[PDB]
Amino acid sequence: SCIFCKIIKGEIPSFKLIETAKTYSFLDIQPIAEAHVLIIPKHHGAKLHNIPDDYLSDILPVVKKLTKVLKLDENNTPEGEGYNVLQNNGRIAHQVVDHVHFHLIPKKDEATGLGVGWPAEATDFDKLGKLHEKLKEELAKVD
């Protein structure tokens, strides 16, 4: 039933851009900015951790090549127009289609493109230290 798998299989049309042996990209037909692009692995998995590594390695090179296509790569200064790369995992994180997809979203002004809510907390070395200790312990056992 997955609509992105249907896009890949040519059963739903799409404004196709770069296609790879592993990766498929196309214009978002519900964009939030002018050339809003989606980039998906051909391996169906709902979240990032469901994608094999060899599919994951292919995504950012394709995204970076798309920035050449959209000419976003002509601005090598922090000012002027910019862009975001965003991938969502779960309803609460704003994912609706349950197949991994990266958004390449040009940021031309404040009214359009991604709007970033950034609720940052103060630095607290004691809590970070305890969190680092716990995460390094989970890392040791992943290895």
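The numbering used is simple: start at 1 and walk along the sequence shown.
The question of which stretch, 5 to 13 or 120 to 128, has the higher mean Cα B factor is settled in favour of 120 to 128.
When the two stretches 48 to 56 and 105 to 113 are set side by side, the higher mean Cα temperature factor goes to 105 to 113.
In the PDB entry, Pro61 places in the middle third of its chain by CA B-factor. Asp28: CA B factor lies in the lowest third for its chain, per the PDB record. In the deposited entry, the Cα temperature factor of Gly82 sits in the middle third of values across the chain's modelled residues. When the CA B factors of the chain's modelled residues are split into thirds, the value for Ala35 lands in the middle one. When the modelled residues of the chain are ordered by C-alpha B-factor, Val100 sits in the lowest third.
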